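What follows is a short report on a single structure.
In what follows, chains carry the letters A, B, and so on, assigned in the order in which the sequence lines appear, proteins first and then strands, with residues in each chain numbered from 1. Below, each value reflects all heavy atoms present in this structure, side chains not excepted, and no hydrogens, waters or symmetry copies.
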Amino acid sequence: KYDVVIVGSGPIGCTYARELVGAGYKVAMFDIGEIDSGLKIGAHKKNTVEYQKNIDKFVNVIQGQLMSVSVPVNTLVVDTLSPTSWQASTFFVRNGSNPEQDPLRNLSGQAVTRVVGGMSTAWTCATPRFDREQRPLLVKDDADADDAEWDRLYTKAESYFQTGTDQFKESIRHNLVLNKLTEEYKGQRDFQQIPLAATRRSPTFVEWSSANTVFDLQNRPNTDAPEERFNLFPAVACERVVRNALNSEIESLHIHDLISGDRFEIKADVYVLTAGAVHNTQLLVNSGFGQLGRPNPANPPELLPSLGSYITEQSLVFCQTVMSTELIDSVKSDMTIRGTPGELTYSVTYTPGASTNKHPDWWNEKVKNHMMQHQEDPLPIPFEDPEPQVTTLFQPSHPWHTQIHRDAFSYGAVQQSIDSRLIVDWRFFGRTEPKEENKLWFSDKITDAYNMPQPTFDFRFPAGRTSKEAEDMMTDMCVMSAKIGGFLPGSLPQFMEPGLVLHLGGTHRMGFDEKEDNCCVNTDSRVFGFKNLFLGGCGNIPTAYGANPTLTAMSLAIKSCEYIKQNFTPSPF
Amino acid sequence: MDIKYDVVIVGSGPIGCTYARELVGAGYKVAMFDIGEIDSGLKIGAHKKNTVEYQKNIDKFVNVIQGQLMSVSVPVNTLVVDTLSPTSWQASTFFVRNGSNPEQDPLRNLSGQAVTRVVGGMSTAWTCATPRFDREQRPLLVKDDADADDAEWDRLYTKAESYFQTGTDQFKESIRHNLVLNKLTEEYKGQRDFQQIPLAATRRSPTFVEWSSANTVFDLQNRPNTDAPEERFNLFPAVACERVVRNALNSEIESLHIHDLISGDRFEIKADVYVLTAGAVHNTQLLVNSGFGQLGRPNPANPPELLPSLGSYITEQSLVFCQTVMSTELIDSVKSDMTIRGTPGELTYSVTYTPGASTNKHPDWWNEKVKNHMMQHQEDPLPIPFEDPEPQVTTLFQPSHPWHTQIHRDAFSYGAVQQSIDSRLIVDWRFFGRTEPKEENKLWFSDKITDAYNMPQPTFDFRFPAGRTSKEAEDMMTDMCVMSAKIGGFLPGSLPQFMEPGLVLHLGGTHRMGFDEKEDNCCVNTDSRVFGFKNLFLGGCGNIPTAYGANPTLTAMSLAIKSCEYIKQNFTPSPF
Amino acid sequence: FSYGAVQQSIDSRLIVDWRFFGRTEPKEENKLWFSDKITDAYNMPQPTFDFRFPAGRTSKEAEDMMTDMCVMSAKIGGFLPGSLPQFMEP
Amino acid sequence: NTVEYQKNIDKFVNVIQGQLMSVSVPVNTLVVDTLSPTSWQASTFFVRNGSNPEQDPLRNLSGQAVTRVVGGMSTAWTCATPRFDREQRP
Ligand SMILES: Cc1cc2nc3c(=O)[nH]c(=O)nc-3n(C[C@H](O)[C@H](O)[C@H](O)COP(=O)(O)OP(=O)(O)OC[C@H]3O[C@@H](n4cnc5c(N)ncnc54)[C@H](O)[C@@H]3O)c2cc1C
Ligand SMILES: Cc1cc2nc3c(=O)[nH]c(=O)nc-3n(C[C@H](O)[C@H](O)[C@H](O)COP(=O)(O)OP(=O)(O)OC[C@H]3O[C@@H](n4cnc5c(N)ncnc54)[C@H](O)[C@@H]3O)c2cc1C
Ligand SMILES: Cc1cc2nc3c(=O)[nH]c(=O)nc-3n(C[C@H](O)[C@H](O)[C@H](O)COP(=O)(O)OP(=O)(O)OC[C@H]3O[C@@H](n4cnc5c(N)ncnc54)[C@H](O)[C@@H]3O)c2cc1C
Ligand SMILES: OC[C@H]1O[C@@H](O)[C@H](F)[C@@H](O)[C@H]1O
Ligand SMILES: OC[C@H]1O[C@@H](O)[C@H](F)[C@@H](O)[C@H]1O
């Protein structure tokens, strides 16, 4: 028996933990996955010296933990088996595939992670705020009050994640790209550092934030927090919340301990679901909310008829570029270079402080030292120079988020032919209109690896604005990137597999009125009709958004915790 | 961090952990340093495959493996990229990029050789195959008394097996395992014996195996603790060990020079006993960075002062591979004992069998599983249950087939995972050749190029020796083709091939063992002591000086147990 | 004259090729010469190229050309996977 | 101009490829290290298979090819015959 139970130990469940453990509630958190970021529980797995010295390897860590949500039945023809090998006569259900899934209306890229810390063990840490156009209303009829409220929540969310915009400020590659784009779009678009949840520890190491940053996940009481109460239970699959007969309260949470095999009913005052956008929905549907099985408009749901409808997933376009000769020459614009490289006669110098210098003293010093210590190298950029981290944020005239950077989540084989210092990634992210026909549903027959109802997508990017902006977005990437360099062969401009972006929202969407706003939670993230059931995560977000959604889901979780503090009293210690 | 210990061990792989288990147990104040960090859950240095999620999604684990294997020597890239935009910065030469090694001849490399820097080392992701070597593959520990030599290795191997929890019955009730085992036993009746791959692993449930690791050998928890209140052990992760400092007389090690990667601070650690267990590549690197052997391109015209055999006579196994898709014959034989009423999914479908019937081809445990699968899943066209464990079959190295063999399913898949053919039907074949030690095959270190930790860049100069090594390698390929055909045809996309040299990760002989430094061309004696040094010991596969086909870790561990016996007799622990 | 594996999943009625062709400034240093030792298949001096697209106008136009192809093509449809915008082999 | 090719236009690329002979192919430096130990193998990237050792791979026109047939390349060409405007014309 606990005051609060939280399903999921991602960054959003950790937000609930930090708020509610902090205010003195007795909290239990269950996660279906296990501890594997080392001694700091739920921490970013990229925070090893080894991964940051070998960053091209990290993509493997991400791929290891990302399990595809719905894989349609495979129909690839293999007709060169030996005549002695066993072969089927049909494309039968094999290898975990989902026979419910139409392969042409899928988010083939969508995937889920089952580990303590969730996806924040592996994420890219981009945490931009949404502007009003992308953002749901928390107060209607008063835009200054709405703005004030979001600014308060976002500022709080940013302190939890340690969000900042200074961590790449002395990178030459970063500044080279930032300044070129600033100049080229002067007075049309503004560029800045991607806001990133991260603290720099040294010139060659960044401590990336994670769920662990929000809440350390240590059991309490402990020496540092002797008046607090928290228990984390990993390797526990939460399966159902049990409703009372009147559908006004949750009575227990049914769990299955994956190590012992035991099953229990846990009791709490407050039930918080933060299992991610796909798995929150699964749990809810397995508990008799919305509709199990293939959508049947003729058999309309008892509860939450909008559950798993109006799903949004962003369009994503991507390429990489190889830095222009002109930009590479400009790196060394302030330098005087004499003699020939590799001889005793060679010299590279600059005038410190000269207001005609195109670059600051710290840049010139690093170029100089590099050119002088590595005279065999043809490039002026230092070998350990950090990557670019540049964005121009969503605006009505360019309604897409942009990242101009180097991501550890590369999408094709890492090429080795072109020097890494030259390469920039471009990712532009489009917003998707919520439409009732776009659905996440759960089979009544097929089950997944944890014996829960199999997720199935029925999705296409909506015609009209969504698709028009997607293609405009592609053009914009092509136009903008060319200012920096030509496309890298093997990473030519393309749309990524639907869902690979992992910014799925709207599966259990928020709104003011259940019927009028076709939604499932109110602005306290409380499930309509239920006193004591709260959902957290990107599945709450009901709008078309282009920016990375995590900071916004966190802000909503902060507001939700405010309601919980006003309505439930912690038990005596 | 104390500055003074009884014993310091560089590296937290299973071999370092053997030294720790033996010397912490015996009362020595032990520190262990690892350049890598703690990542595998609450059990320090444990197998990463031991999660519910990986064992329900075993095909994802190849990502974990790939994520932690860092190539040792990548030659300068000479791929022509001639479709860059005319505005892009374009190379005039194939210059040194992306951590490539200009010392490395691309045609005399172990391009697949890789290293892991994490606490527990490579045992965090290995396959756990631990066979013993027979005489032919195995260095001598006793001269001129083969029976005493065998007795000494049995004693060592038995202990090493108990440390790793090696077993040969974890897969005894797998249908796929037995289907393969029985067909191969029958086909080679009176010619070759087949058994389960000896595996370092404990079965915990019908669907979960606790694979062994460094953590199995030694739990890597600091001591003293409640469970060991009189023991003294500290593990220091993210500590790059750079040099052992030799005294001027070249008779003792005086300190271990370390660099803490998090603080940036450097220290000189003092110990009575120094043990290097950094892997076959990195033990050699550390020795060469400390003045042993010869730094730079090999040069006879000035032989090294100390350990002139260091980094020569290196051995790496040839590895051949394919996968097969199970024959129609064998798959039909899975259900040979079943009585099947009517048609699947239809009302009067029943599948039954007679337990104990003498005419039954298979045991009751097999039929019960098949029956239950065919009845619970009548849509599925195969008789193999969905959760049936993988095959784990070998015919071990012999004089008439001088290669080790694994007929199995390895988490370490070599190409993209194929999804079209049902996984129940797929069997992997890996055959492993032995390589003659030759002085010309070398691991050396650049005197100019450095790696990511600023240590001298490893460089290989290697070819499979002509003569027996090469003859055997090609004969082994043919053997794999002929043997595999008895089970099924080749899986397209996994046709029979030699793997990139060194992908097998069984590199030996980089700091090889022998009796006499000069007559046996070696670096350590049979106590694993570096010649001429009182207090310096090397552990790991680099010790093994012979041409072996089987997986070497068990043998390296056995050497390490011997070495601890010498240490316990020659050094006294400090008072507690 | 198609340039990569011809794809069969997208109906060919939907497919349009875009080829934009840049002009290249003549530069003394851009050469075709013939070996005095190596011969071709008909025993004649083996042709050798020494060629880069000139910096300056030629390169600036080539990249602007690429941009114009991405901009114009989008009016008609999006890129076909496997025939994404690229410079072809010189 | 055959009924068969214009009914199967996708196949004509092979005609064109069959008669285009590359002008200058640089010595190949692809590393093939999975040969059987018994196979004969190279110690160096020697001149093989018609390659040109004079050719700098990085200053080439690798796509340049020639056709040796009566009618020359007009046996396979695309037939686009525009005029040059003054800007392009000698
Ligand atoms: C490679 C990568 C890059 C990304 N980069 C960014 C970026 O830069 N910015 C950003 O805004 N977003 C990014 N994201 C997405 C971001 O990680 C998620 O939005 C965020 O982690 C969601 O938080 P959450 O707590 O709702 O869910 P999750 O992090 O998905 O965690 C939910 C959890 O609950 C668990 N669980 C699931 N089902 C059950 C169940 N039945 N019972 C018990 N527990 C259960 C899981 O095991 C898991 O820990 C990225 C994701 C990936 C993988
Ligand atoms: C996927 C795969 C499958 C394998 N399969 C098996 C098989 O089934 N059976 C078989 O016998 N073996 C197999 N192996 C090989 C086996 O893992 C190794 O032989 C074994 O781990 C060697 O142990 P070790 O302790 O000598 O070194 P390692 O496990 O390599 O550990 C050495 C360590 O020292 C550290 N270190 C390195 N340099 C420094 C330094 N300068 N300072 C401080 N620390 C340092 C490392 O971080 C590391 O932890 C496999 C390996 C892989 C990766
Ligand atoms: C697939 C393709 C598409 C094309 N599309 C177009 C198009 O749309 N537009 C256009 O303007 N251009 C196009 N071209 C280019 C056009 O084909 C050439 O510009 C044109 O054919 C050149 O004509 P030519 O007579 O100068 O040389 P070629 O057609 O090359 O003919 C030269 C000939 O001389 C021969 N020969 C070579 N050496 C010797 C020797 N030593 N002794 C004797 N004979 C010799 C040949 O065998 C050959 O028949 C295309 C080319 C091809 C292959
Ligand atoms: O593909 C997952 C994506 O997640 C997004 O949030 C990141 F910003 C992208 O860079 C990418 O990593
Ligand atoms: O390629 C690495 C190899 O290591 C060997 O020891 C294993 F036995 C093989 O199965 C394979 O995993």
Quick one: which residues of residues 319-331 of chain A reach chain B at under 4.5 angstrom, heavy atoms only?
A:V322, A:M323, A:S324, A:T325, A:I328
Spacing of NZ belonging to B:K448 relative to CD belonging to A:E376, to within rounding of 0.5 Å:
11.0 Å
One option among A:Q87, A:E384, A:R94 has the most heavy-atom pairs under 4.5 Å with chain B, and it is A:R94
Among A:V59, A:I35, A:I32, which has the most heavy-atom pairs under 4.5 Å with chain B?
A:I35
Count the heavy-atom pairs under 4.5 Å between each of B:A46, B:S423, B:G36 and chain A, then report the option with the highest count.
B:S423
NZ (B:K335) with more than 12 external heavy atoms under 6.0 Å
no
Verdict with supporting geometry, B:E103 and B:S446, side chain to side chain donor-acceptor pair (under 3.5 Å)
CA-CA 7 Å; B:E103 310 277 21; B:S446 190; 2.4 Å; yes
Which one, B:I65, B:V118, B:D422, B:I421, leads in non-hydrogen pairs under 4.5 Å with chain A?
B:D422
Could you name each residue pair satisfying side chain to side chain donor-acceptor pair (under 3.5 Å) that touches residues 34-44 of chain A, not counting sequence neighbours?
A:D36-A:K45
So which residue, A:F205, A:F58, A:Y51, ends up with the most heavy-atom pairs under 4.5 Å with chain B?
A:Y51
Residues 64-73 of chain A: residues contacting chain B (heavy atom under 4.5 Å, by number)
A:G64, A:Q65, A:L66, A:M67
Can you list the residues of residues 479-487 of chain A that sit under 4.5 Å from chain B, counting heavy atoms only?
A:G485, A:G486
